[PDB]
Amino acid sequence: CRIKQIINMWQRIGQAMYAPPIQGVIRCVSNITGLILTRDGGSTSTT
Amino acid sequence: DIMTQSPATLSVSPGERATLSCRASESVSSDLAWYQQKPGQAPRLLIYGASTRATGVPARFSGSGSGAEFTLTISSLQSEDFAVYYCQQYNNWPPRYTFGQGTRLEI
Amino acid sequence: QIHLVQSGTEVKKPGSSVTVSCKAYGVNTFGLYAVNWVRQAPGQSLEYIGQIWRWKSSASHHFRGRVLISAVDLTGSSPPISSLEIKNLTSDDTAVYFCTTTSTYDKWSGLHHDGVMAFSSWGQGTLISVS
Amino acid sequence: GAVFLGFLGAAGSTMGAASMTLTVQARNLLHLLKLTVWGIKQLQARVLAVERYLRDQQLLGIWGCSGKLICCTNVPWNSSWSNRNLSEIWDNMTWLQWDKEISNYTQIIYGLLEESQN
Amino acid sequence: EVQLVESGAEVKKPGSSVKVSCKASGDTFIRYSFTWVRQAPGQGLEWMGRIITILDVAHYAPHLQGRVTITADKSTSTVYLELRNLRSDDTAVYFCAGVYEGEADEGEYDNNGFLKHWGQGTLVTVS
Amino acid sequence: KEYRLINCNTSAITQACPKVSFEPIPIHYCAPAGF
Amino acid sequence: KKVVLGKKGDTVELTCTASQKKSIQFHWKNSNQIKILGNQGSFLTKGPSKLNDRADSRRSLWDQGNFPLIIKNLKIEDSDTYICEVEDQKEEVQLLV
Ligand SMILES: *[C@@H]1O[C@H](CO)[C@@H](O[C@@H]2O[C@H](CO)[C@@H](O[C@@H]3O[C@H](CO[C@H]4O[C@H](CO[C@H]5O[C@H](CO)[C@@H](O)[C@H](O)[C@@H]5O[C@H]5O[C@H](CO)[C@@H](O)[C@H](O)[C@@H]5O)[C@@H](O)[C@H](O[C@H]5O[C@H](CO)[C@@H](O)[C@H](O)[C@@H]5O)[C@@H]4O)[C@@H](O)[C@H](O[C@H]4O[C@H](CO)[C@@H](O)[C@H](O)[C@@H]4O[C@H]4O[C@H](CO)[C@@H](O)[C@H](O)[C@@H]4O[C@H]4O[C@H](CO)[C@@H](O)[C@H](O)[C@@H]4O)[C@@H]3O)[C@H](O)[C@H]2NC(C)=O)[C@H](O)[C@H]1NC(C)=O
Ligand SMILES: *[C@@H]1O[C@H](CO)[C@@H](O[C@@H]2O[C@H](CO)[C@@H](O[C@@H]3O[C@H](CO)[C@@H](O)[C@H](O[C@H]4O[C@H](CO)[C@@H](O)[C@H](O)[C@@H]4O[C@H]4O[C@H](CO)[C@@H](O)[C@H](O)[C@@H]4O)[C@@H]3O)[C@H](O)[C@H]2NC(C)=O)[C@H](O)[C@H]1NC(C)=O
Ligand SMILES: *[C@@H]1O[C@H](CO)[C@@H](O[C@@H]2O[C@H](CO)[C@@H](O[C@@H]3O[C@H](CO[C@H]4O[C@H](CO)[C@@H](O)[C@H](O)[C@@H]4O)[C@@H](O)[C@H](O[C@H]4O[C@H](CO)[C@@H](O)[C@H](O)[C@@H]4O)[C@@H]3O)[C@H](O)[C@H]2NC(C)=O)[C@H](O)[C@H]1NC(C)=O
Ligand SMILES: *[C@@H]1O[C@H](CO)[C@@H](O)[C@H](O)[C@H]1NC(C)=O
């Protein structure tokens, strides 16, 4: 998992640039409580 | 708005340790760039970030300091360390990256 | 944009069963909509059969025990399918059948009165003859 | 003005049980700069609730029924408005079904209740 | 590590518009933020401006408001400067200078202010 | 206007970047009086 | 329907168009219902097809409703009916190589 800084805005259509990263340890204890999936159409069962 | 160098002229002899320092009006503490310009040459970088050497920098160039005042030391002043020494403050955003004045070292 | 599609013209024997499909293109789900099966004898007026509103299958009092109305939602690779099964056919059920769907989402619509509905969107006709 | 939710507990049940629940649930349900902004926003909630209640009482004030939770007026039903045996009204129907059913007669009833104060 | 071949020296007039290019041949052109810095003869360095290549945004010193334009083209790999309102003090040695900013194509942009790679200096004379 | 080469001036704004803290708190979307 | 022809290699442009100026969600598919493009908010998503690398859209035009598709390196295997799905206007164009 890298850290990237020329981002695409999600607020609108644009790009933003942020400050360089921070001093030390970054902790991100989280919960994955979801997914977002898509599919593939076709074809003539199949998987 | 800000950038004077703490000496003005250093008319010293080789073997003598040099005295180079940079004075700033507001606190920076991480962003000072050191440059060396012989007359007729593009200014070679020495120390960026006031704490580390670039590629091909000899170990006699030792930069240190914090806040607004910084100091570059040259212990073994050779027969090539006579030039103009610049310090560049690159702290602020939006960019107004002013330079220092310069210190000439004619022997 | 409901483009409700039924099966084709069929003919059976008396004393038998039959099944008519109803694929509901453009329908969100049968939880929101409601399917009313109706028929029409040739030349006559439209005769109600049954419904599955809010996943409760129910037929009218003339047709009880003879008619099954089933539904499967929009799952996977197939649109929502309603289906009409008729057991113990007589020669008096030769008719054009229709599945209809109407939206039950808004309470203050006016297309529906507590499960008794106007038929806002229609199929195209499944003729069954009995010989 | 937080008793607007307590009205809704009697939905789904019929009209007589809701009419009893009216009386029952009416009797039973009765210096930093960044903090003055919270005080003003809570007052703008409370005064708005009081003004909405007073507007709802003024719309009952036209019809001679201000303050009364239940009033019985003097406008006789033309019986083409739900020509129905009222046992079936007060036993087989809910209020959502009334707001659906007499929806095309309600402006007429409001006009008659306004005109029968003159 | 681009080599920054500057343009030739020019003879200019008071109240003119000079256009000085700087061909940075070498590594990836969009990964390098560039900087124009002038040098008055005998004097110290004056910072003129800094262009970010991949965002195509250029910032300027407060002394050069409305009279300088730093453009760049990514196919020609060339950083152009255009000065209008040339005055008598504008006779000076100009410098284009770049620095490695990281993988700007996807992620990293370190926003460095120090100038690692330099050009060669070009004297513009206002006569 | 005009008409397919609509003038797409990609503007740019430069503001100051203080490094900020960031941790999302829960939010309760209330409905006003009468809803 | 529309018919747009190409020869080989050069870019080709297909269009959706909405009538709201709102940058709403669209998708570009083909005849076999394989995805080619997808708006996701204000982000771009390609699809698992042969136009995974060669398809593109002008991003700044989405705020004006116009939803283009730009295909580069037109080969012989890119001649099929392409479908806008915007809200309901399932627009069909046919590309010819
Ligand atoms: C969101 O999540 C939701 C859940 O939280 C989910 O909701 C659920 O959706 C699923 C679908 O996805 C629903 O499941 C379907 O339900 C349909 C409706 O079923 C009801 O009614 C039938 C019929 O009942 C009548 O007859 C019986 C006779 O025994 C009487 O007892 C009844 O009272 C009633 O009779 C009255 O009406 C008659 C007319 O119909 C009159 O003649 C009569 O006089 C009376 O007036 C009941 O059988 C159902 O009960 C059964 O299930 C409940 C629990 O669900 C049990 O308690 C109970 O014991 C029974 O098991 C229920 O009342 C069903 O029709 C439908 O069944 C089909 O699929 C199942 C498998 O899923 C098959 O086993 C079944 O055979 C049916 O498949 C046939 O039809 C499909 C196409 O429709 C064909 O593809 C298939 O091949 C098959 O065809 C075969 O049989 C046909 C006739 O049956 C015949 O025509 C064909 O030729 C062929 O032979 C299925 O169960 C589910 O109920 C919802 N549940 C809830 C809680 O909401 C929702 O989908 C999700 N939404 C989204 C968007 O994801
Ligand atoms: C899902 O939810 C969970 C919580 O339920 C979120 O987890 C929290 O994540 C945040 C940030 O990721 C984290 O906050 C940090 O806590 C650390 C431990 O206390 C702090 O040390 C840290 O503060 C430092 O950085 C701040 C930001 O600049 C400074 O303001 C602060 O002074 C601290 O900075 C010191 O050190 C830095 C080092 O770089 C130096 O720059 C500074 O000068 C200074 O010396 C943050 O407060 C929470 O603790 C997490 N909580 C838990 C339980 O883990 C999680 O993020 C959520 N997921 C998502 C995706 O949001
Ligand atoms: C959820 O997403 C699914 C996509 O998977 C959508 O399903 C499509 O829905 C559209 C309508 O919204 C369907 O298009 C219609 O198909 C009708 C029947 O054709 C089918 O059946 C015949 C016979 O078996 C097959 O040969 C054919 O290939 C199809 O399988 C047509 O009759 C309709 O055309 C009519 O209207 C159009 C309008 O443009 C007219 O031009 C025609 O002349 C005609 O009058 C129409 O083409 C489509 O088939 C569905 N596809 C699939 C894969 O399911 C759902 O609509 C969508 N639901 C929601 C709520 O968004
Ligand atoms: C993760 O989920 C558990 C489930 O109980 C919860 O207790 C915990 O607070 C969650 N962690 C977060 C929100 O960081």
# chains A, B, ... in the order shown; residues from 1 in each chain; ligands from 1
$ residues_near_ligand --ligand "ligand 3" --cutoff "6 Å" --atoms "only C-alpha atoms and all ligand atoms" --output "list in words"
residues 1, 3, 25, 26, 27, 28 and 79 of chain C
$ residues_near_ligand --ligand "ligand 1" --cutoff "12 Å" --atoms "only C-alpha atoms and all ligand atoms" --output "VMD selection string"
chain C and resid 17 to 24 27 to 37 49 to 76 78 to 87
$ residues_near_ligand --ligand "ligand 2" --cutoff "7 Å" --atoms "only C-alpha atoms and all ligand atoms" --output "PDB file with N, CA, C and O atoms, in the first residue's frame"
ATOM      1  N   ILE A  22       3.969  12.629   6.507  1.00  0.00           N
ATOM      2  CA  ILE A  22       4.121  13.088   7.863  1.00  0.00           C
ATOM      3  C   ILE A  22       5.314  12.357   8.478  1.00  0.00           C
ATOM      4  O   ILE A  22       5.915  11.482   7.862  1.00  0.00           O
ATOM      5  N   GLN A  23       5.688  12.767   9.691  1.00  0.00           N
ATOM      6  CA  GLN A  23       6.905  12.359  10.393  1.00  0.00           C
ATOM      7  C   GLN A  23       7.038  10.849  10.545  1.00  0.00           C
ATOM      8  O   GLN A  23       7.942  10.234   9.978  1.00  0.00           O
ATOM      9  N   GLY A  24       6.136  10.234  11.308  1.00  0.00           N
ATOM     10  CA  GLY A  24       6.395   8.888  11.782  1.00  0.00           C
ATOM     11  C   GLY A  24       5.316   7.848  11.571  1.00  0.00           C
ATOM     12  O   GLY A  24       4.809   7.688  10.459  1.00  0.00           O
ATOM     13  N   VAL A  25       4.970   7.128  12.635  1.00  0.00           N
ATOM     14  CA  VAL A  25       4.133   5.938  12.534  1.00  0.00           C
ATOM     15  C   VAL A  25       2.683   6.345  12.317  1.00  0.00           C
ATOM     16  O   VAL A  25       2.156   7.210  13.025  1.00  0.00           O
ATOM     17  N   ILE A  26       2.035   5.726  11.333  1.00  0.00           N
ATOM     18  CA  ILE A  26       0.627   5.955  11.030  1.00  0.00           C
ATOM     19  C   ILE A  26      -0.123   4.650  11.251  1.00  0.00           C
ATOM     20  O   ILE A  26       0.190   3.636  10.619  1.00  0.00           O
ATOM     21  N   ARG A  27      -1.110   4.672  12.141  1.00  0.00           N
ATOM     22  CA  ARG A  27      -1.900   3.494  12.469  1.00  0.00           C
ATOM     23  C   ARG A  27      -3.327   3.676  11.976  1.00  0.00           C
ATOM     24  O   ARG A  27      -3.919   4.742  12.162  1.00  0.00           O
ATOM     25  N   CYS A  28      -3.872   2.639  11.344  1.00  0.00           N
ATOM     26  CA  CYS A  28      -5.171   2.718  10.686  1.00  0.00           C
ATOM     27  C   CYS A  28      -6.006   1.484  11.006  1.00  0.00           C
ATOM     28  O   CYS A  28      -6.474   0.783  10.109  1.00  0.00           O
ATOM     29  N   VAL A  29      -6.145   1.173  12.294  1.00  0.00           N
ATOM     30  CA  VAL A  29      -6.951   0.033  12.732  1.00  0.00           C
ATOM     31  C   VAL A  29      -8.407   0.247  12.341  1.00  0.00           C
ATOM     32  O   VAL A  29      -9.051   1.204  12.786  1.00  0.00           O
ATOM     33  N   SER A  30      -8.938  -0.646  11.512  1.00  0.00           N
ATOM     34  CA  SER A  30     -10.209  -0.403  10.847  1.00  0.00           C
ATOM     35  C   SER A  30     -11.086  -1.642  10.918  1.00  0.00           C
ATOM     36  O   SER A  30     -10.778  -2.614  11.608  1.00  0.00           O
ATOM     37  N   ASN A  31     -12.198  -1.595  10.193  1.00  0.00           N
ATOM     38  CA  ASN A  31     -13.086  -2.739  10.009  1.00  0.00           C
ATOM     39  C   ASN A  31     -13.523  -2.762   8.559  1.00  0.00           C
ATOM     40  O   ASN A  31     -14.128  -1.801   8.091  1.00  0.00           O
TER      41      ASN A  31
ATOM     42  N   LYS F  19      -0.735  20.786   7.487  1.00  0.00           N
ATOM     43  CA  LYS F  19      -1.021  19.378   7.716  1.00  0.00           C
ATOM     44  C   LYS F  19      -2.068  19.259   8.812  1.00  0.00           C
ATOM     45  O   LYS F  19      -1.838  19.679   9.949  1.00  0.00           O
ATOM     46  N   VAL F  20      -3.222  18.702   8.466  1.00  0.00           N
ATOM     47  CA  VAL F  20      -4.375  18.679   9.351  1.00  0.00           C
ATOM     48  C   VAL F  20      -4.550  17.281   9.921  1.00  0.00           C
ATOM     49  O   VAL F  20      -4.026  16.297   9.398  1.00  0.00           O
ATOM     50  N   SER F  21      -5.299  17.200  11.013  1.00  0.00           N
ATOM     51  CA  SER F  21      -5.708  15.919  11.560  1.00  0.00           C
ATOM     52  C   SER F  21      -7.016  15.482  10.915  1.00  0.00           C
ATOM     53  O   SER F  21      -7.748  16.290  10.345  1.00  0.00           O
ATOM     54  N   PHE F  22      -7.316  14.189  11.016  1.00  0.00           N
ATOM     55  CA  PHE F  22      -8.449  13.660  10.264  1.00  0.00           C
ATOM     56  C   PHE F  22      -8.899  12.346  10.890  1.00  0.00           C
ATOM     57  O   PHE F  22      -8.179  11.349  10.809  1.00  0.00           O
ATOM     58  N   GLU F  23     -10.077  12.343  11.484  1.00  0.00           N
ATOM     59  CA  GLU F  23     -10.690  11.142  12.034  1.00  0.00           C
ATOM     60  C   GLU F  23     -12.194  11.361  12.075  1.00  0.00           C
ATOM     61  O   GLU F  23     -12.671  12.223  12.823  1.00  0.00           O
ATOM     62  N   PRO F  24     -12.969  10.609  11.293  1.00  0.00           N
ATOM     63  CA  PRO F  24     -14.397  10.909  11.147  1.00  0.00           C
ATOM     64  C   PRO F  24     -15.210  10.462  12.356  1.00  0.00           C
ATOM     65  O   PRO F  24     -15.061   9.341  12.844  1.00  0.00           O
TER      66      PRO F  24
END
$ select_by_dssp --residues "chain A" --states "strand (DSSP E)" --output "number ranges by chain"
A: 6-8, 15-17
$ interface_residues --of "chain G" --to "chain C" --cutoff "12 Å" --atoms "only C-alpha atoms" --output "list in words"
residues 87, 88, 89 and 90 of chain G
$ write_last_selection --atoms "N, CA and C atoms" --output "PDB file, in the first residue's frame"
ATOM      1  N   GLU G  87     -29.488   7.042 -18.683  1.00  0.00           N
ATOM      2  CA  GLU G  87     -30.581   6.836 -17.742  1.00  0.00           C
ATOM      3  C   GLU G  87     -31.556   5.800 -18.271  1.00  0.00           C
ATOM      4  N   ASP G  88     -32.110   6.046 -19.448  1.00  0.00           N
ATOM      5  CA  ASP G  88     -32.828   5.051 -20.225  1.00  0.00           C
ATOM      6  C   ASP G  88     -32.490   5.091 -21.700  1.00  0.00           C
ATOM      7  N   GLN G  89     -31.864   6.160 -22.190  1.00  0.00           N
ATOM      8  CA  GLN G  89     -31.610   6.350 -23.615  1.00  0.00           C
ATOM      9  C   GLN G  89     -30.462   5.444 -24.033  1.00  0.00           C
ATOM     10  N   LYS G  90     -30.790   4.168 -24.222  1.00  0.00           N
ATOM     11  CA  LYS G  90     -29.805   3.160 -24.594  1.00  0.00           C
ATOM     12  C   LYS G  90     -29.427   3.386 -26.052  1.00  0.00           C
TER      13      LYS G  90
END
$ atom_distance --atom1 "CA of residue 69 in chain B" --atom2 "CA of residue 39 in chain B"
26.2 Å
